[PDB]
Amino acid sequence: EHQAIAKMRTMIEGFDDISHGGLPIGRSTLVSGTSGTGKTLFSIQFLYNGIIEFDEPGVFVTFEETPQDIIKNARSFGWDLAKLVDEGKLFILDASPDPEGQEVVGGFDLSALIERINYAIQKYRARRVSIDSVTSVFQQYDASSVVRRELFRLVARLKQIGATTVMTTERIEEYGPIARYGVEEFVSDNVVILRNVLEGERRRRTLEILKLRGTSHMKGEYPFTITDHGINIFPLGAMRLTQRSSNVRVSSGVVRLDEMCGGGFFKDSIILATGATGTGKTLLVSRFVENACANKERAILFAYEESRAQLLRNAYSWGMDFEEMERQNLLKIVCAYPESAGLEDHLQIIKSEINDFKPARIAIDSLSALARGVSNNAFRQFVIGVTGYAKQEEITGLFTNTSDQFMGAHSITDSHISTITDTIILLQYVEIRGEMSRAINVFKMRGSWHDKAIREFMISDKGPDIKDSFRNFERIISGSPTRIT
Amino acid sequence: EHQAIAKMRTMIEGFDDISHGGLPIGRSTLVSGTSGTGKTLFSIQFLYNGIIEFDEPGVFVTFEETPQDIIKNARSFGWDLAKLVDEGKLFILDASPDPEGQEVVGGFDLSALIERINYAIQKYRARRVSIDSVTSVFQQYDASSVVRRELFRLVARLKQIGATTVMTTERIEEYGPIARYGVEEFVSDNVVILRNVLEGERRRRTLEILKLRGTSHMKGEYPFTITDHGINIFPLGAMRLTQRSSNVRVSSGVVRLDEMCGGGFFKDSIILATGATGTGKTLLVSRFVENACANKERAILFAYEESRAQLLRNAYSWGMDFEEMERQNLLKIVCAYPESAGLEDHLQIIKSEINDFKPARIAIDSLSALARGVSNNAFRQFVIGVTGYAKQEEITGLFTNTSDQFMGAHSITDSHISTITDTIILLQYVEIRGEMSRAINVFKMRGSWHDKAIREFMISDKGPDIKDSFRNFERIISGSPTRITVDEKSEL
Amino acid sequence: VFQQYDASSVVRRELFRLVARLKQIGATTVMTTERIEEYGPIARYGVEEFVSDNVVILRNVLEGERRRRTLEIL
Ligand SMILES: Nc1ncnc2c1ncn2[C@@H]1O[C@H](COP(=O)(O)OP(=O)(O)OP(=O)(O)O)[C@@H](O)[C@H]1O
Ligand SMILES: Nc1ncnc2c1ncn2[C@@H]1O[C@H](COP(=O)(O)OP(=O)(O)OP(=O)(O)O)[C@@H](O)[C@H]1O
Ligand SMILES: Nc1ncnc2c1ncn2[C@@H]1O[C@H](COP(=O)(O)OP(=O)(O)OP(=O)(O)O)[C@@H](O)[C@H]1O
Ligand SMILES: Nc1ncnc2c1ncn2[C@@H]1O[C@H](COP(=O)(O)OP(=O)(O)OP(=O)(O)O)[C@@H](O)[C@H]1O
Ligand SMILES: [Mg+2]
Ligand SMILES: [Mg+2]
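Residue labels used throughout are counted from 1 along each chain in written sequence order rather than taken from the entry, whose numbering may differ, and residues without coordinates are not included. Both sets of labels track the order of writing: A upward for chains, 1 upward for ligands. Values throughout apply to the visible chains only, these chains being members of a larger assembly. To get the side-chain values, take all heavy atoms of the structure and skip hydrogens and water.

- Looking at the method and resolution fields of the entry, one finds X-ray crystallography and 2.8 Å.

- You'll find chain C entered in the PDB entry as Circadian clock protein kinase kaiC, with Synechococcus elongatus given as the organism.
- The title given for this PDB entry is "Crystal Structure of Full Length Circadian Clock Protein KaiC with Phosphorylation Sites".

- If you look chain B up in the PDB entry, it shows as Circadian clock protein kinase kaiC from Synechococcus elongatus.
- UniProt positions are given in the numbering used here, feature names are shortened, and annotations may be inferred rather than shown by experiment. Recorded in UniProt for chain B, the comment headed Sequence similarities runs: "Belongs to the KaiC family."

Below you can see the structure in the form of structure tokens.
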């Protein structure tokens, strides 16, 4: 044809954005990865989504797994392929070998198979084809050049037939050659690499479109997660800087704080509370989560440092009954150890729960605990993710950070998140006469005026009481002021 | 079946959590690793727990070790296989070669072996199968493709038989190919990798479930230990943030402290005492452990810096008789150099002893010492483990930390554990008039009010005496203050 | 000895034969092997590791021009 290469949607979450529309129609895409990367799942989801969203029949050619198994496995994702096979929308073509045995039936090899796939295609009026582990077929006794030819032959016949195909390959090195024979890379029109990178005893799955002959696509690796719903990719670099921005205000749950912020936090905003350990970030969170219930709004408190029970003990000791918020179905507590997941996973759990609960406010107690272990770059990516999501969803977010050093801290954040944020509330210890007092300061607020004082404050059962500034002192920011008389 | 694959529990501690229920029934799981990683043990434990806990017979196929040796080595874990063989619950089928000699044993091999296996399975009504090192079978003269097919044949036949199987393979590189031929990884539906990673001159064993076709499972490596009870895995990432939390108070063993903490520590709480060397962390510990005996409760003191003798000399000089606490069976001391093991080992020793003694209190004199060498992330993981265990077990835990720099310390912890902890007791030196005095502060307390004073304190034979704050000083925290007030008293 | 002209599988069989006969005889044996890399495969043919009951690795590590010998029971 005379125009811009057309793409078939995969409907696999996030993939069509990365690929700028989908898989190129009528050509085949190589998808390779090491064991357990999700090659097989990709290729099934491509067919399954075809059938269920466009009523495009599919043909799935298997060389190793058994059709019963392919079917059985899909149940993991709540997919009934046996039904689809019955309705004639899906056809799994068994090309695996005889557990029993013979060695002279496939002397007509590529040729013959190519006929059965063409027969199947015509028969079911197939639009999508997935060949699972072509690699395993020549893993009979071949050399690079022999593979290049067979692959080419196949790709080509399918091109003639007009089918959009997904071919699956295996690799042994996460960052080494693209597929086993260092030849499939160049014979396909498109290449997709699925990686399961190790790094620190944790595993991180990434998907990469290495090339799409004829169109554009997002470059590099994107994290993804295999869930009950199959492959889920987050193109964190595909999120646009187009979030809605209002002037409406909301309370912090602490009136005086509201005053200092020039009448409260903005609804559309990302508020950061930083401070040495024990300064009172968590008390603010409690208070901010409570204010959303007293106004009959839903709030989620994602906790990564305290148990659901402890959170309740400490909250109740500050007034506020978290128990009720729970029943009233106005407040939801989560709680998990940063270690019980990858940032990718965490991010999704968060999104996920936000979707099932549709909160108005959200508080993540200690981003600084989520940064444990992870790389700064991996972590920043996470923050932009959760931040950006809350921002485009009109949810007001309160995030917490504990600074590594009490008193004398020379930066707002050790991870340098402060720019990714709209409002920064800052808590610090101040040594006043052999005692450790606290001080709160609205460091910055983006669309408002806010107070510039570093007010001292106390914590009682009643909660946070913000008092006055240390007017008669110098170097209050050092943590060790110098009362000047 | 219209259901997603079901799993068989291995009962191997920690494994069913990592594998979300067990191994997939009717399929085979490839377990591979380098020499001495624990392959053979995993496979034996899988059959053993199969028989002892569900009365599911097992067939163990062996290609290299002798049935007598497999039975003999299992005695290391208190397992009498010879008995089970006897009662027809376990059947070791010997597939090893005879120390004499025959050629061309590749063909009939698989097939014969397969009905030998089928025969045995059918004969004993086996539900579980372990094939030990299939690897060694084609290690007769083969190339990758021949391996791939043979494997496939075998797995397949077993699938047909309906057996849940554990297959074992060797590797030569800790992070190299999954299994010798670079082919086994793909033929198997499930793959488990046992690693015995070096690093420093210590070895750390990890288990990873790489893939389970059909279901979910935890990802990554998990440290485990081989013990007299076999493989023991700690899914430190599977521990849930659901620990019970009470408002009950308990004493620190120092009244004045108790006041400062708004009436003593919380029963449910992790306490951290920090400060430069010689400030008295160990004194606080001793006192905290004694307090649990004087109340006839059990306490364990895991010490990593002092001998059991030294602890006793120093204790007695502070009053408190550790001798009695011992006899009375209320106090138990441990002691061990951080270097005499890996963090995984330590964590387990701690847990183990907490189970045999059921303490109400526990103190670890110096986390800081356990941090010697180990990486920060390995360490933090360790702390969350001991910390969380303590917490879900209602045991009050006091941990100690020596800061790397006396005076001027700008962070509570050098390893940044301060967020993992409920109450923080800080000890510091204060230079006052050419002399080194001490100060004690309750830096933070999660559920109470605590005192914000940086009180000076002395140490005598009576123990710790907490005096008053340094009100007329600026830069206390810095360790080197400055006195103030320029108006003594004059006329009108 | 097999450094005469052999491949991995031939070595595994021969070793196994020897070790086996020795165990029958009732002897407690120490068998020595060479390696070329201080941290690579355990022994030459990457096969002796699994054929023996116990494995001990002697290392002589370089690192900064000094040499440090270590013994490990693997
Ligand atoms: N419901 C589920 N929830 C979470 N993860 C799942 C679920 N089902 C399967 N998985 C995961 O997905 C993986 C499946 O990968 P898959 O079968 O797609 O093919 P593959 O890894 O590409 O290739 P191979 O045929 O070599 O195994 C499993 O290893 C497992 O980690
Ligand atoms: N009932 C109470 N009465 C007086 N002060 C309290 C009370 N509860 C807590 N506090 C004070 O508040 C502090 C608790 O801090 P909080 O739980 O708000 O979290 P944080 O400082 O933000 O974070 P983290 O606890 O992880 O360091 C304690 O140090 C203590 O001084
Ligand atoms: N009771 C025990 N306590 C602690 N460790 C033990 C005990 N018994 C055995 N071990 C350890 O476990 C190891 C046994 O490993 P195992 O026999 O399970 O198989 P392998 O290493 O997987 O394979 P192979 O030795 O056949 O190459 C020993 O090397 C030893 O380190
Ligand atoms: N009988 C005593 N009388 C007066 N002071 C004592 C007595 N015993 C110990 N001390 C003092 O207490 C200090 C001992 O410190 P302690 O045993 O409390 O542990 P630490 O400071 O926490 O840790 P570490 O000893 O490893 O540095 C000595 O430096 C000394 O000044
Ligand atoms: Mg907190
Ligand atoms: Mg000490």
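Structure's up, so let's keep going.
### Remarks on the overall build of chain C
Part 1 of the argument: Numbering of helices and strands runs from the N terminus, with a helix taken as a DSSP run of H or I at least four residues long and a strand as a DSSP run of E at least two residues long. Across its full length, chain C holds two helices and two strands.
Part 2 of the argument: Helices and strands appear in chain C in the N-to-C order α-α-β-β.
Part 3 of the argument: Taken over the C-alpha trace, chain C has a radius of gyration of 14 Å; the compact-globule value for 74 residues is 11 Å, which it surpasses by more than 25%.
Part 4 of the argument: Buried means the residue's accessible area, taken with a 1.4 Å probe over protein chains only, is under 20% of the maximum for its type, while exposed means over 50%, and partly exposed covers the values in between. Buried residues in chain C amount to 30% of all 74 residues.
Part 5 of the argument: When charges are counted, neither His nor the chain ends are considered; positive counts come from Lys and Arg and negative counts from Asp and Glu. Where a charge lies is defined by one atom per residue type, namely NZ (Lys), CZ (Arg), CG (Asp) and CD (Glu). Charge-centre separation for chain C: the mean point of 12 positive side chains lies 4 Å from the mean point of 11 negative side chains. Between the two quantities, the radius of gyration covers C-alpha atoms and the globule rule is 2.2 Å times the number of residues to the power 0.38.

### Side note on the pattern of salt bridges
Part 1 of the argument: The term salt bridge refers to a pairing of a side-chain nitrogen on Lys or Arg with a carboxyl oxygen on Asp or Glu at a separation within 4 Å. One pass over the full model with this rule turns up 60 salt bridges over all chains.
Part 2 of the argument: For B:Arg327, the salt bridge goes to B:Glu323, with nearest N and O atoms at 3.9 Å. Residue B:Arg327 and its partner B:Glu323 are located together in helix α12 (residues 322-327), separated by four residues, close to a single helical turn.
Part 3 of the argument: Judged by its relative accessible area of 34%, B:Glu323 is partly exposed.
Part 4 of the argument: Salt-bridge contacts for B:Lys467 lead to B:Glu456; the nearest nitrogen and oxygen are separated by 3.9 Å. Taken together, the residues B:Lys467 in strand β22 (residues 464-469) and B:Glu456 in strand β21 (residues 455-459) connect sequence positions 11 residues apart.
Part 5 of the argument: Three or more residues are tied together by salt bridges with common partners; here these are A:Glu65, A:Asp69, B:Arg27, B:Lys159, B:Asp189 and B:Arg213.

### Focus on the nonpolar core
Part 1 of the argument: The biggest cluster of nonpolar side chains holds 87 residues, and the ones touching the most others in it are A:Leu257, A:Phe322, B:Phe302, B:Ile364 and B:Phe382.
Part 2 of the argument: By residue number, the principal contributor to this core is helix α15 (residues 376-392) of chain B, which donates eight residues.
Part 3 of the argument: What makes two residues a contact is simply this: any of their non-hydrogen atoms within 4.5 Å. In contact with B:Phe302, not counting residues within four places along its chain, are B:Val334, B:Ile349, B:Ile350, B:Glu353, B:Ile354, B:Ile362, B:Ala363, B:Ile364 and B:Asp365.
Part 4 of the argument: Only buried residues count toward a nonpolar core. Its members are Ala, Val, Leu, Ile, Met, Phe, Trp, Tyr and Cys residues joined through side-chain atoms within 4.5 Å. Among the nonpolar cores identified, the runner-up in size contains 38 residues, and B:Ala273, B:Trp318, B:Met320 and B:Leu330 belong to it.

### Some points on the arrangement of the chains
Part 1 of the argument: Inter-chain contacts occur across two pairs of chains; the most extensive set of contacts lies between chains A and B.
Part 2 of the argument: One thing to see here is that chain A and chain C don't touch, and their nearest C-alpha atoms sit 18 Å from each other.

### Structural notes on the site of ligand 4
Residue and element names in this part refer to chain B.
Part 1 of the argument: We call a residue near a molecule or strand whenever a single non-hydrogen atom of that residue lies within 4 Å of it. Lining the immediate surroundings of ligand 4 are 14 residues, of which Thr277, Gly278, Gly280, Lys281 and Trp318 lie closest.
Part 2 of the argument: Polar contact is the term for a pair of N or O atoms within 3.5 Å; when the atoms are in protein, one must be able to donate a hydrogen and the other to accept it, and sequence-neighboring residues count only if both atoms are side-chain atoms. Here an oxygen atom of ligand 4 and a backbone polar atom of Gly278 are 2.6 Å apart.
Part 3 of the argument: Between ligand 4 and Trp318 there is a distance of 2.8 Å, counted from a nitrogen atom to a side-chain nitrogen or oxygen.
Part 4 of the argument: When residues of the shell around ligand 4 are assigned to their parent elements, the largest contribution, three residues, is made by helix α10 (residues 281-293).

### Observations regarding the site of ligand 3
Part 1 of the argument: The local shell around ligand 3 holds 14 residues, among which B:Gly36, B:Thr37, B:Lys39, B:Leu41 and B:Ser76 are the closest.
Part 2 of the argument: In this structure, ligand 3 is bordered by residues of chains B and C.
Part 3 of the argument: A distance of 3.1 Å is found between an oxygen atom of ligand 3 and a backbone nitrogen or oxygen belonging to B:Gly38.
Part 4 of the argument: Within the side chain of B:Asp228, a nitrogen or oxygen atom sits 3.2 Å from a nitrogen atom of ligand 3.
Part 5 of the argument: About the coverage of ligand 3: the protein hides 67% of its 640 Å² of free accessible area. Only the protein chains shown count as covering a residue, and every accessible area follows the Shrake-Rupley method with a 1.4 Å probe.

### With respect to the sheet that holds strand β11 (residues 230-233) of chain A
Residues and elements named next belong to chain A.
Part 1 of the argument: Paired strands are those between which DSSP finds at least two bridges. Reading across from one edge, β5-β4-β6-β7-β3-β8-β9-β10-β11 is the order of the nine strands in this open sheet, with mixed pairing throughout. For this open sheet the edge positions go to β5 (90-94) and β11, each flanked by a neighbour on one side alone. When strand polarity is set aside, the average angle formed by the axes of neighbouring strands in this sheet is 25°.
Part 2 of the argument: In this structure, strand β3 (residues 28-33) lies alongside strand β8 (residues 190-197), joined through five bridges in parallel fashion. Each residue of the ladder has a partner; that of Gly33, found in β8, is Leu194.
Part 3 of the argument: Orientation is described by lines fitted to C-alpha atoms, with helices fitted over the stretch in contact, and by angles between N-to-C directions that extend from 0 to 180 degrees. Sheet strands touched by helix α3 (residues 67-74): β4 (58-62) and β5. Its angle to β5, the strand with the most contacts, is close to 135°.

### Some points on the UniProt feature "binding site: Mg(2+) 2" in chain B
All names here are of chain B.
Part 1 of the argument: Mapped onto this numbering, the UniProt entry gives "binding site: Mg(2+) 2" at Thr282 and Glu305. In three dimensions, the annotated residues from a span of 24 residues occupy one location, with a maximal C-alpha spread of 9.8 Å.
Part 2 of the argument: Structurally, the position occupied by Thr282 is in helix α10.
Part 3 of the argument: On the accessibility criterion, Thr282 (16% relative accessible area) is buried.
Part 4 of the argument: Setting aside anything within four residues of it in sequence, one finds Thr282 in contact with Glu306, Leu311, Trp318 and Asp365.
Part 5 of the argument: A relative accessible area of 43% places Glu305 in the partly exposed class.
Part 6 of the argument: A distance of 3.1 Å separates a polar atom in the side chain of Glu305 from a polar atom in the side chain of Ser366.

### A word on the packing of aromatic side chains
Part 1 of the argument: Aromatic pairing here means that ring centres of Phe, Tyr or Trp (its six-membered ring) are within 6.5 Å. Orientation follows from the plane angle: under 30 degrees is stacked, over 60 is edge-to-face, and everything else is tilted. All told, the structure shown has 17 aromatic pairs over all chains when counted by the stated rule.
Part 2 of the argument: Judged by centre distance (4.8 Å) and plane angle (75°), the ring pair of A:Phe406 and B:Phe443 falls under edge-to-face. Of this pair, A:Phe406 sits in the loop between β18 (396-402) and β19 (423-432) while B:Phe443 sits in strand β20 (residues 436-445), placing the two residues on different chains.
Part 3 of the argument: When its relative accessible area of 6% is taken as the criterion, A:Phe406 is described as buried.
Part 4 of the argument: The structure contains a cluster of three or more aromatic residues connected by ring pairs, namely A:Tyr48, A:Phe77 and A:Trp79.
Part 5 of the argument: Sitting above the plane of the B:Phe266 ring, B:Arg249 keeps its charged end 4.5 Å from the centroid. For a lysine, the NZ atom is tested; for an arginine, the CZ atom; a charge sits over a ring if that atom is within 6 Å of the ring centre and within 35 degrees of the ring normal.

### Digging into the sheet that holds strand β3 (residues 28-33) of chain B
Where strands meet in a sheet, backbone hydrogen bonds hold them as pairs that are either parallel or antiparallel.
Residues and elements named next belong to chain B.
Part 1 of the argument: Read across the sheet, nine strands follow the order β5-β4-β6-β7-β3-β8-β9-β10-β11 without closing on themselves; strand pairing throughout is mixed. Each end of this open sheet is capped by a strand with a single partner; those strands are β5 (90-94) and β11 (230-233). Geometrically, the sheet is characterised by an average inter-axis angle of 25° between neighbouring strands, direction not taken into account.
Part 2 of the argument: Lying over the sheet, helix α2 (residues 39-54) contacts β3, β4 (58-62), β5, β6 (128-132), β7 (164-170), β8 (190-197), β9 (204-212), β10 (221-227) and β11, oriented at roughly 160° with respect to β6.
Part 3 of the argument: Set on the sheet, helix α5 (residues 107-124) makes contact with β4, β5 and β6; between it and β5 the angle comes to about 165°.

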